[PDB]
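Visitor: structural data only, the sequence is not supplied:
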Ligand SMILES: *[C@@H]1O[C@H](CO)[C@@H](O[C@@H]2O[C@H](CO)[C@@H](O)[C@H](O)[C@H]2NC(C)=O)[C@H](O)[C@H]1NC(C)=O
């Protein structure tokens, strides 16, 4: 019945609308605007930095995603980071990961 | 005796893709041996002109000429001089014409709720303002199918009272009042010379409008960060 308008995974905002069919009444149908927002709560500011301060201002511009730092992560997108480790005397720079089951090469 | 040469309009370029200039030599005496000729400023002629007109009921002869040119040969600034000859004019009269930007803005205005209370008919108005120059063609389509020419009429261009160098155009499409049960898409497509693709299609259905109910179901969880 309803169709999906916006399914962006950056801000994790789901925008959709549905028309409700009433009884045999005049043309006074009610139009709705379904919005789904998931608060990250326990997440960092930068996308590739786990030492960022905890989020405090959750600003969501509804007029900007219907035409950029993303709070929520993506299951189908891999996130990598580099941290300087030693493990002895040589300072190597390996590539790390942020989310499980999302960075396995094909 | 009147001589007028109407320049080709933009409506015949986006749809027919064949520009043509014609000079009217109507309201003249009823005599034969009338030849239509176009003289350019560089020394080139035009193609064969056929399909002449008949005589008016008021005992005046009418003629029509054809001159097929290219689109690039009109916007550069080439001037065409149409010259004709007759018996009453010792000298061949000549009439020369020539052509003397901002991105267009398209807005669709849904009908008010007072019109739908009568349960008689509904009108859809697509407001197009803030564009230059004038003479813009506006057409309506239904799911990719153009409608009848007599179903919609494009208003004549009018200078904007506020903007010193912009114009606005209006276009209405009256349909049945009960047609809103589905929507029939009812896009608004305009063609202007100040666009790369010259295609601006906007759709406003029943669902797309001013909703009267909002329920932002927001949730908070400690393990958030996946967005299933
Ligand atoms: C903070 O975020 C910025 C992006 O807005 C990061 O800058 C780039 O991040 C990508 C992420 O993989 C790296 O591949 C680039 O090399 C970064 N570019 C630069 C110029 O740094 C930035 O790295 C983030 N901060 C930290 C500490 O990771």
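Guide: Yes, it's here. Residues are numbered from 1 along each chain as shown, chains lettered A, B, ... in the order given.
Visitor: burial measure for the closest residue to residue B:166 other than its chain neighbours, as a count.
Guide: Distances taken as C-beta to C-beta, 6 or more residues apart in numbering or on different chains put residue B:160 closest to residue B:166, at 4.6 Å, once the chain neighbours are dropped. Quick note: C-beta positions are derived from backbone N, CA and C, even for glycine. Other residues near residue B:160 number 15, with proximity taken as other C-beta atoms under 10 Å in any protein chain shown.
Visitor: check residue A:82 too.
Guide: 11.
Visitor: show me what it is bridged to.
Guide: Under DSSP bridges, the beta-bridge partners of residue A:82 are residue A:95.
Visitor: isn't it right next to residue A:93, touching?
Guide: Yes - if you go by C-beta atoms under 8 Å, residue A:82 and residue A:93 touch, sitting 5.2 Å apart.
Visitor: isn't the residue nearest to residue B:166 up against residue B:167?
Guide: Yes - under the criterion of C-beta under 8 Å, residue B:160 lies in contact with residue B:167, with a separation of 6.2 Å.
Visitor: mutual contacts of those two, please.
Guide: residue B:129 (C-beta atoms under 8 Å, 6 or more residues apart in numbering or on different chains).
Visitor: follow-up on the earlier one: report the contact partners of the residue nearest to residue B:166.
Guide: For residue B:160, the contact set (C-beta under 8 Å, 6+ apart) comprises B:129-130, B:166-168.
Visitor: quick one, phi/psi of it?
Guide: Dihedral angles of residue B:160 (phi, psi; degrees, to the nearest 10) stand at phi -70, psi 130.
Visitor: please report how far it lies from residue B:170.
Guide: Taken as C-beta to C-beta, to the nearest Å, the spacing of residue B:160 relative to residue B:170 amounts to 12 Å.
Visitor: for residue 74, give me its contacts.
Guide: I went with chain A, as the question did not name one. Residue A:74 makes contact with A:9, A:102, B:227, according to C-beta under 8 Å, 6+ apart.
Visitor: the chain in question should be chain B.
Guide: With contact taken as C-beta under 8 Å, 6+ apart, residue B:74 is in contact with B:8, B:19, B:99.
Visitor: just say helix, strand or coil for it.
Guide: helix (DSSP: H, G, I helix; E, B strand; the rest coil).
Visitor: would you map the strands across chain A?
Guide: In chain A, strands defined by DSSP state E lie at A:3-8, A:13-17, A:32-39, A:82-85, A:92-95, listed in chain order.
Visitor: between the ones you listed, which one is closest to residue B:82.
Guide: Comparing the strands of chain A against residue B:82 with C-beta to C-beta, the closest turns out to be strand A:3-8 (55.1 Å).
Visitor: sheet partners, orientation included, of that closest one?
Guide: Sheet neighbours of strand A:3-8, with direction, are listed as strand A:13-17 (antiparallel) (DSSP bridges).
Visitor: so how many other residues sit close to residue A:13?
Guide: By the criterion of other C-beta under 10 Å, residue A:13 has 21 neighbours.
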